[PDB]
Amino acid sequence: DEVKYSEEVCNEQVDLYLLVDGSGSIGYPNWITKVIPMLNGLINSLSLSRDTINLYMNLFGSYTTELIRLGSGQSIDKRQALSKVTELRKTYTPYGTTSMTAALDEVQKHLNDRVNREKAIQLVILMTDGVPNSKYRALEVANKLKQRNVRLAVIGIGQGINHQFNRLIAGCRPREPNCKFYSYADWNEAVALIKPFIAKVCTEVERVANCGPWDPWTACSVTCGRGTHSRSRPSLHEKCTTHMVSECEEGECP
């Protein structure tokens, strides 16, 4: 048989992969005056914690650079994540080519390795001017991510933004105003864009678990008159009953 039980589903767990374009096309003035404050405002709006949002962060240029791993201090504490952005303002100048496909591939690898949290919403935030090393290769991996139920939002940054590509990889429809997946204004709009994707919403649902077949009932405790016997089974789930006791009769007692 099976067991039924109640449960609240809130979708509070989110693995958020922040992929930041650090390539030479971005432009140094833009980096300082626009990208850094974008990162600051965005990350400041994320209530990171062990049990809810966990941040991953990658910087992609000629190489991809994994800045923050899911689960670490910097993944779950907003203040620590902000320090990484500050470290970037002080010590990184954008240069080189644009490994966008490889950055997205790092997310794929998380899923493949089963490093993400299974019950966690998977959310990629791609921050780019939308001029990757290869347009087809980057669209391809993004589409692979979406077919795995990964959500993807795009934030345009840089001195020379290819909106057409950004809208395409975000999945924006033509003739449709205010795409819910792409923003290219300031941090305020990006934050609003990201909000519906990470909103905790609580519903009460019923759940079903297969408890597996019972073992045979034991022989009666007494071989005459009233007694009891029991049947057990492996716990295939936390909510599954594993033991029963019933009253049995083995005829009369002389």
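Don't overthink the numbering: it's just position in the shown sequence, from 1.
The mean C-alpha temperature factor is higher for 195-203 when 195-203 and 24-32 are set side by side.
Between the stretches 129-137 and 171-179, it is 171-179 that shows the larger average CA temperature factor. Note on 40, 64, 228, 54: the highest value goes to 228, judged by CA B factor as recorded. Based on the entry's C-alpha B-factors, the most elevated value among 59, 46, 190, 220 belongs to 220. When the modelled residues of the chain are ordered by C-alpha B-factor, residue 84 sits in the lowest third.
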